[PDB]
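A.B. asks: For reference, the structure I am asking about is given below.
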Amino acid sequence: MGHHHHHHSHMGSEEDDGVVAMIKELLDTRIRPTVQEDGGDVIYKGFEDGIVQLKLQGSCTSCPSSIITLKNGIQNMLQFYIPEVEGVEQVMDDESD
């Protein structure tokens, strides 16, 4: 790339990486397996302003009811351990569109 080499922000060491990291495992252990059995998956996009941003894959995102049910299930699970989670947001993050 060009002679810039400057980052305004950085992942890994994020806003409260303690919360961020335990969300990653709460997905990978509890949520991701369940969604994958239905024929989808959840990709952790981040945690910002108390909003856990997740990319939803097919089957789950294909049916509008399944979007709401999945988002709410993940939300309530995360809120139980982490009261910092006020919300969860479905972000279709894929630059092919």
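If you go along the chain as it appears here, the first residue is 1 and each next one adds 1.
Cβ coordinates come from backbone N, Cα and C, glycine included.
The following feature annotations were taken from Swiss-Prot:
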- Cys60, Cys63: [4Fe-4S] cluster binding site (BINDING)
- 23-91: region 'NifU' (REGION)
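What the PDB entry shows for this protein is this:
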- 1-11: expression tag (SEQADV)
A.B. asks: Would you identify the secondary structure of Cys63 ([4Fe-4S] cluster binding site) according to DSSP, in three states?
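C.D. replies: For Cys63 ([4Fe-4S] cluster binding site) - judged by DSSP and reduced to three states - the answer is coil.
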A.B. asks: Count the Cβ atoms, other than its own, that fall within 10 Å of the Cβ of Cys63 ([4Fe-4S] cluster binding site), considering every protein chain shown.
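C.D. replies: A 10 Å sphere around the Cβ of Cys63 ([4Fe-4S] cluster binding site) contains 13 other Cβ atoms.
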A.B. asks: Who are the long-range neighbours of the expression tag (1-11) in its own chain, taking Cβ under 8 Å and residues 6 or more past its ends?
C.D. replies: 46
A.B. asks: Report, as a single number, how many Cβ atoms besides its own are within 10 Å of the Cβ of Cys60 ([4Fe-4S] cluster binding site).
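C.D. replies: For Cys60 ([4Fe-4S] cluster binding site), the 10 Å Cβ neighbour count is 21.
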